[PDB]
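Next up: a single chain in structure tokens, the form deposited in one PDB entry.
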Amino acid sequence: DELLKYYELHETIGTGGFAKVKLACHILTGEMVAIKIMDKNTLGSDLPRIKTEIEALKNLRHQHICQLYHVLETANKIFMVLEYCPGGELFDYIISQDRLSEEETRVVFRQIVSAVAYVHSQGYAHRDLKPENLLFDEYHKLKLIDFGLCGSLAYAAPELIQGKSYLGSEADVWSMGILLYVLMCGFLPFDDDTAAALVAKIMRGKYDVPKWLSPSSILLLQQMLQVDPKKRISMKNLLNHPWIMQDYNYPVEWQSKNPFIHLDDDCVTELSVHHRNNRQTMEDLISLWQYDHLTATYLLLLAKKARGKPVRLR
């Protein structure tokens, strides 16, 4: 925890057997941040599992995907600096409310669908969608985290389950079906004690359908949760499914609303005075997009400027 002369570490909020997250604060900007701290000695040959995550995240920029700011590799630690999401967890939200109204699940699902549709357009699949992977920011907007791709068999598609060849996207829509189910009901559509009776239930593909589910809800579950992946609903069709649009009558807007197009002059200007060098060379240096400290500093001034705060380093 040494090269971090960029951040003032605060408290722990995430504890895993693979990794542990700490709240931190970006010295130069003032901006708050979350730092996933790994042990390479725990990973062993799960470096692949994380390095393919990082290159994945380097290629993503969406309003509903947790932003990656910075990577730092020391002798035996990997540090990911990530978008601060102080709204809380999707999962814990669900259990705190027992289950969300149909109209609240819809508002949220549309966010999930937005994230995932964008993921697919960029050439990836999440392949592990679940409540534990969705965070809320302070405006209660969802941030998809934790790319990575043990046992979320509960959320795994049947053809994934059984070593069959598969499309990631068709896999993901399955998992979105399960998620939807648990937003509206508060428990998993397929469940048992051991793993074997769980897998058996998935392969049969039929589930209890609580009294409170609406005709439209019951419909969309069926189209998402098809065993035969030929018969599952495409993303294409999800984006503007009548249930999806039942309350806000517009298709899901999946395209990145914050795209990276040009460099932002102000940020480039502050970064230029601070690093006592000229505009061209500061653009050249940022354009290298190394996700080093300068890339963090840039992304965070950009976020500072969106809050309408002055665009300044300390």
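Heads up: residue numbers just count along the shown sequence, starting at 1. Note that the rigid core is defined as the largest set of C-alphas that superpose within 1.5 Å between two forms.
No coordinates for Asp46 in a third or more of the other PDB entries: Yes; at least one third of the other entries leave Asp46 out.
No coordinates for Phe18 in a third or more of the other PDB entries: That residue is missing from at least a third of the other compared entries.
Where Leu149 meets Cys150 in the shown sequence, the number of deposited residues left unmodelled: According to the record, 10 or more deposited residues lack coordinates from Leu149 to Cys150.
Of 240 to 248 and 69 to 77, the one with larger mean CA B-factor: Stretch with the higher mean C-alpha B-factor: 69 to 77.
Given 158 to 166 and 81 to 89, the range whose Cα B-factors average higher in the PDB entry: In the deposited entry, the stretch with the higher C-alpha B-factor mean is 158 to 166.
Criterion, highest CA B-factor; candidates, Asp191, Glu102, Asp172, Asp137: Of the candidates given, the C-alpha B-factor peaks at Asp191.
Residue with highest C-alpha B-factor in the PDB entry, from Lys143, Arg106, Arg204, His120: The listed residue with the largest C-alpha B-factor is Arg204.
Chain-wide C-alpha B factor ranking for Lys51, given as lowest, middle or highest third: Highest third - that is where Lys51 ends up once the chain's C-alpha B-factors are sorted.
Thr297 - Cα temperature factor, lowest/middle/highest third of chain: Lowest third.
Chain-relative CA temperature factor third for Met38: Its C-alpha B-factor belongs to the highest third of this chain's values.
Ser114, C-alpha B-factor rank within chain (lowest, middle or highest third): For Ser114, whose C-alpha B-factor we compare with every modelled residue in the chain, the answer is the lowest third.
Third of the chain, ranked by Cα B-factor, where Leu3 sits: Highest third.
Below, we turn to the form deposited in another entry, even though it does not appear here.
Exceeds or equals 2 Å, Cα of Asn278 between the shown form and the other one, core fit: Yes; that C-alpha moves by at least 2 Å between the shown form and the other one.
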